[PDB]
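A short write-up of the structure that comes next.
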Amino acid sequence: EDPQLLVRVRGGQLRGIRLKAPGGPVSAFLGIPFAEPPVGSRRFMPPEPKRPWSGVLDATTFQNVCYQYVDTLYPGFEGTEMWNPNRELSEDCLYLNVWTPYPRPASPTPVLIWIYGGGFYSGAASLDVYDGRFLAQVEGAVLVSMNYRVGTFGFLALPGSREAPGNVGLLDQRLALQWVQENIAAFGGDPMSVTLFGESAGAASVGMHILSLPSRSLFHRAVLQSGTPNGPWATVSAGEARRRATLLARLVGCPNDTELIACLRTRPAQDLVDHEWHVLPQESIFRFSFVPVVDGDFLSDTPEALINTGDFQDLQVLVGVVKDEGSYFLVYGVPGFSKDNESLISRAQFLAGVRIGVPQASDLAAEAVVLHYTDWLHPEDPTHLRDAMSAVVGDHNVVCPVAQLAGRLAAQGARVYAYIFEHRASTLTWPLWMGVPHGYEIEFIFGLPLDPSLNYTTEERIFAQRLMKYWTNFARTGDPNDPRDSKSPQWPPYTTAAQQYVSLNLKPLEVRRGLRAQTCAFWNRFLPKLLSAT
Amino acid sequence: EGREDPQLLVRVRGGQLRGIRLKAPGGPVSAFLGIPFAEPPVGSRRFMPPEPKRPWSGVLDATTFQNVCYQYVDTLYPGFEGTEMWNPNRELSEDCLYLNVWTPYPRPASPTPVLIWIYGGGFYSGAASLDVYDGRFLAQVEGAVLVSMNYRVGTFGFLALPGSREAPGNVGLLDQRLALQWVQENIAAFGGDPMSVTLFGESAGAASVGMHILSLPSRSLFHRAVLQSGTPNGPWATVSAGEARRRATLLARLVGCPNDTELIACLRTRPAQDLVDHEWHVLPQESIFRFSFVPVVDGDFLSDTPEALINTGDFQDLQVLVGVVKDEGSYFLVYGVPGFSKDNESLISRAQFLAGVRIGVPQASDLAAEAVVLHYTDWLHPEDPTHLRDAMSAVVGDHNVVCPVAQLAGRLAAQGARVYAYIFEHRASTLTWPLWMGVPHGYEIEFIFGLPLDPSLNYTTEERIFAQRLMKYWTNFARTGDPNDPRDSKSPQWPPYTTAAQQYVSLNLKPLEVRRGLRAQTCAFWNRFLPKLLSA
Ligand SMILES: CC[N+](C)(CC)CCC[n+]1c(-c2ccccc2)c2cc(N)ccc2c2ccc(N)cc21
Ligand SMILES: *[C@@H]1O[C@H](CO[C@@H]2O[C@@H](C)[C@@H](O)[C@@H](O)[C@@H]2O)[C@@H](O)[C@H](O)[C@H]1NC(C)=O
Ligand SMILES: *[C@@H]1O[C@H](CO)[C@@H](O)[C@H](O)[C@H]1NC(C)=O
Ligand SMILES: *[C@@H]1O[C@H](CO)[C@@H](O)[C@H](O)[C@H]1NC(C)=O
């Protein structure tokens with residue numbers, strides 16, 4: 001029995017495990033329960049706090065992954081398998097993980113809380129890319145990651161009902177945040193310095209905690225990587241959520257809200273997952289069936305309205321995108337695209353891809369998109385059309401929603417830092433035409449290149465170390481700049497006036513101005529005006 | 001005769017003419033000025049198609065420029081060369097249908113290619129007698145036979161009651177056509193080759209040239225064409241029959257007139273200056289780069305809109321040279337956009353920009369105007385006065401000239417014509433408009449005509465060499481349908497403009513530079529998206 005691996009939290013005693021990090025040992029407490037299993041009658045319901053347990057709870061292994069769809073598009077392919085569940089699926093999945101330096105910190109250490117992505121229909125805190133040992137060992141950070149319900153289990157809603165109010169997956173995240181306030185000090189973490197960070201849907205989740213008052217007292221800073229609460233995919237109206245839920249009910253033989261939900265609760269988990277994808281209103285990509293709902297409760301109004309009227313004075317935020325946000329999504333539904341060839345497309349294929357990439361666009365709006373993205377000097381060039389299709393999807397879904405968020409937060413009091421990640425991992429298995437795809441900056445932020453057996457170049461290892469420093473400096477001070485270094489170059493705050501952001505790649509920081517300024521004005525100022533009149 | 005210069009007496013279909021020997025820097029040239037080509041379109045002939053000039057007896061004196069067609073005279077900036085250079089330089093009169101001929105002295109031995117100039121002035125002004133249209137340099141240095149005609153402008157040349165017999169519309173274009181017929185019949189008498197006639201014009205003159213390309217009866221009167229900063233397609237060069245009727249009857253009301261016959265008959269009783277005095281009161285909105293009486297889509301001279309005709313036309317046996325200047329729109333801003341002036345830097349506010357856009361694109365809906373504003377706004381510095389000023393200029397120049405020219409070059413090329421394109425970027429050292437206006441609309445003309453060759457005009461030595469280069473391109477084009485010098489292979493070649501490569505050249509003090517795409521992205525906005533916005 002090692003006293004460093006023994007901790008006492010409000011629910012009882014835990015025993016962690018000493019793990020090996022390249023530069024030394026770290027203490028890991030994995031699979032800690034933070035809520036009563038949301039099973040049986042608790043399906044679709046808000047999470048309840050975990051009841052106290054007797055004896056010593058074994059916290060040396062990752063717990064089960066929340067029930068979810070498993071990708072089968074490219075069987076055996078690392079590019080896709082790296083995101084698949086790496087533990088048993090089960091609705092009994094509300095557990096969190098804690099990594100800390102070994103021995104446990106002498107003084108209160110700033111805490112980083114990770115919220116994974118996966119379109120709100122997948123993901124797990126146990127994936128290898130979210131391994132917190134590196135950040136814990138090299139920066140002495142206390143890192144926490146929780147599992148939260150996804151898909152129908154976490155977001156199926158019959159707005160106004162008592163049994164399926166919606167947003168329970170976000171409530172799962174919130175309970176884990178509360179658990180950190182109440183118990184993280186026992187691990188040497190400082191509950192007064194909690195930074196949330198997440199990518200994609202995880203970034204959108206972080207944004208929703210920023211916009212939901214009850215969450216605000218649970219953290220102090222936030223990082224949103226390639227995702228936002230505003231935008232076309234992160235939320236749905238109460239009406240559309242009801243529509244998708246009742247349609248799902250119908251598809252599985254069900255059946256008054258109470259009766260419908262009661263019947264949904266009798267169905268095997270895989271039955272719900274089997275019909276999950278048959279409820280989307282149009283043929284599309286970057287659109288997900290069950291996501292956070294504007295309920296007038298967790299989210300008092302649309303994210304769009306909340307970021308326009310909010311006061312973000314005492315908040316520091318780090319936000320950014322990767323160089324090719326949309327490439328990944330094209331192979332999941334756009335005719336002509338495949339990871340196995342160059343994906344050179346025709347102009348006709350391009351106009352068709354646009355209707356799929358911007359599913360909610362009228363014919364006029366779609367034509368505006370085509371005319372804006374077509375390179376009129378080479379309107380029929382396959383390479384340009386392919387890269388344009390990618391850009392359309394990434395701009396519409398991520399880059400412009402991020403530009404929008406950065407601007408409102410900065411205009412309204414927040415301290416904001418922005419970046420564009422442009423380094424393509426030497427070990428990437430997706431083809432070259434996809435560039436730096438959605439999600440591939442994560443392994444660097446978590447410091448995986450520091451593991452010699454992973455085969456990253458020596459420059460990548462130095463790069464990862466730089467990133468871990470930015471992220472942890474940001475967590476510690478609300479500023480990613482190194483207060484030790486006195487010759488950077490400095491990463492300036494993003495402002496509406498100057499719109500400065502930095503490039504994150506192998507070369508030293510480069511300051512740029514305007515995040516797709518012209519193109520995002522198109523998406524954020526003109527298209528709306530188009531549709532609200534037509 | 002007997003004692004006069006035997007080299008200045010010539011005979012044309014209507015009679016004998018006596019020209020004048022003029023001095024050009026490098027030698028003498030023959031000039032026959034004020035040759036009548038139509039019966040004076042006065043009294044009962046106002047608003048009517050021109051009739052050929054009846055033969056005269058004796059020797060008609062063709063030694064001085066004739067009257068300028070009745071028109072509005074600009075007084076915005078009294079005494080200012082920038083505006084005065086375009087004002088009438090001879091008496092105003094409805095008796096103005098005369099043309100001019102410049103030829104080498106002595107007259108060419110073999111048939112020489114003919115260049116016919118058609119002046120601009122928004123169809124409401126202009127004259128073939130202005131100093132910038134002086135044909136002596138091209139005649140002397142390139143041995144060209146140059147012809148320029150006066151044609152009716154304003155109400156006199158374009159007021160129309162479509163379908164009527166008395167004011168059919170487009171009579172100013174008919175005056176031009178009559179002069180082209182006069183060249184076919186008589187130019188050989190001056191040593192000109194009727195089988196090699198190139199039309200060139202600028203602005204409304206350019207639009208005029210384009211309309212002759214689109215009107216069959218004019219097609220047999222010329223072989224090649226040059227359109228400088230103007231096109232027959234676009235937002236200002238034509239009006240629909242309904243709009244023309246509307247403007248003509250509103251004008252009639254404004255002067256006390258009112259059945260078309262009675263209305264027109266009453267208009268014919270009004271003093272010419274009364275019509276000019278109300279000419280500007282008939283435009284539908286507050287605007288710039290819009291003119292009251294212009295060519296009308298009559299279903300006769302123009303069988304359909306210029307846009308339809310260039311989309312369906314067969315232009316296989318046609319060579320065309322087309323181009324624009326660096327700052328097509330600047331000039332127009334001081335004539336109606338609040339905040340702009342030739343006497344200050346014209347730095348404007350964002351609010352002044354949004355208002356300028358409503359005036360610069362008068363036919364745009366609220367949604368269309370916002371699209372313009374969002375496209376032209378520099379989102380890194382959305383409030384910068386200098387950028388807003390230059391963006392306002394670009395909006396006007398792109399909408400009215402640059403994009404209509406790109407549209408034209410594209411259709412002509414795709415449909416058989418050989419097209420050459422340019423952008424003129426040299427600002428005359430003698431320009432009197434402020435620097436912020438750059439190379440304004442109309443300021444490439446003095447270079448094409450070779451004025452810098454006159455020592456007394458004070459152009460720099462480089463400008464004189466530059467002028468010579470341009471005269472060479474224009475006359476090579478007139479001679480062969482190709483601006484390139486057949487010999488000199490050293491100088492970079494001017495490639496044809498194609499839909500595939502979209503190549504055009506920069507005309508400035510430096511050697512030719514080939515560029516691709518004429519404001520390609522922005523013109524796609526104007527030529528493909530805005531229209532479609534309109535269909536909704
Ligand atoms: C549109 C009708 N309007 C009578 C306003 C109700 C304004 C006409 C003013 N207006 C304009 C002008 C100014 C700004 C915008 C558009 C046109 C104008 C424009 C040019 N190049 C040359 C002369 C004039 C001009 C000459 C005589 C009279 N009498 C009025 C005139
Ligand atoms: C530039 O001028 C515009 C027009 O005003 C006229 O010209 C100026 C120079 C004065 O002589 C004035 O009396 C004239 O009416 C102004 O509207 C504009 O504000 C001026 N720009 C600035 C701010 O200097
Ligand atoms: C790439 O592969 C997909 C499916 O195998 C196919 O639809 C597409 O035509 C291919 N593209 C190329 C470059 O041939
Ligand atoms: C040309 O320069 C001379 C000498 O400076 C000057 O007297 C004359 O007014 C100028 N004329 C022009 C064309 O500006």
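Convention: sequence-line order gives letters A, B, ...; per-chain numbering from 1. As a basis for the values below, the full set of heavy atoms in this structure was taken, side chains included, without hydrogen atoms, waters or symmetry mates. Whatever order the structure lists ligands and atoms in, that order sets their numbers, starting from 1.
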Please report which non-hydrogen protein atom sits nearest to [atom], along with the residue it belongs to and the distance in Å to one decimal place.
{"atom": "atom 14 (C) of ligand 1", "value": "B:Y335 O, 3.8 Å"}
{"atom": "atom 16 (C) of ligand 1", "value": "B:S287 O, 3.0 Å"}
{"atom": "atom 31 (C) of ligand 1", "value": "B:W280 CB, 3.7 Å"}

Less than 4.0 Å between [atom] and some protein heavy atom, yes or no?
{"atom": "atom 12 (C) of ligand 1", "answer": "no"}
{"atom": "atom 22 (C) of ligand 1", "answer": "yes"}
{"atom": "atom 6 (C) of ligand 1", "answer": "no"}
{"atom": "atom 3 (N) of ligand 1", "answer": "no"}

side-chain contact (heavy atoms from CB on, under 4.5 Å) partner of B:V405, chosen from B:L227, B:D398, B:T231, B:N400: B:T231
Partner of B:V357 by side-chain contact (heavy atoms from CB on, under 4.5 Å), out of B:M392, B:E370, B:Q352, B:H399: B:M392
Polar contact flag for B:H281 and ligand 1 (N/O pairs, less than 3.5 Å): yes
Does one side chain, of [X] or [Y], offer a donor that lies under 3.5 Å from an acceptor on the other?
{"X": "B:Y70", "Y": "B:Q273", "result": "yes"}
{"X": "B:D277", "Y": "B:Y72", "result": "no"}
{"X": "A:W430", "Y": "A:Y440", "result": "yes"}
{"X": "B:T155", "Y": "B:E279", "result": "no"}

Within 45° cone and under 6.0 Å: B:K326 NZ/CZ vs B:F424 ring: no
Parallel, tilted or perpendicular: ring planes of A:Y332 versus A:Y328, cut at 30 and 60 degrees: parallel
Sub-3.5 Å N/O-N/O distance, A:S343 and ligand 3: no
Working for salt bridge (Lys or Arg N to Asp or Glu O under 4.0 Å), residues B:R427 and B:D327: CA-CA 10 Å; B:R427 160 189 263 250; B:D327 304 89; over 6 Å; no
Ligand-protein N/O pairs under 3.5 Å (ligand 4):
unit_1, atom_1, unit_2, atom_2, d
ligand 4, 2 (O), B:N458, OD1, 3.1
ligand 4, 2 (O), B:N458, ND2, 2.4
ligand 4, 11 (N), B:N458, ND2, 2.9
ligand 4, 14 (O), B:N458, ND2, 3.3

Member of B:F158, B:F293, B:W280 meeting the ring pair (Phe, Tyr, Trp, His ring centres under 6.0 Å) criterion with B:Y124: B:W280
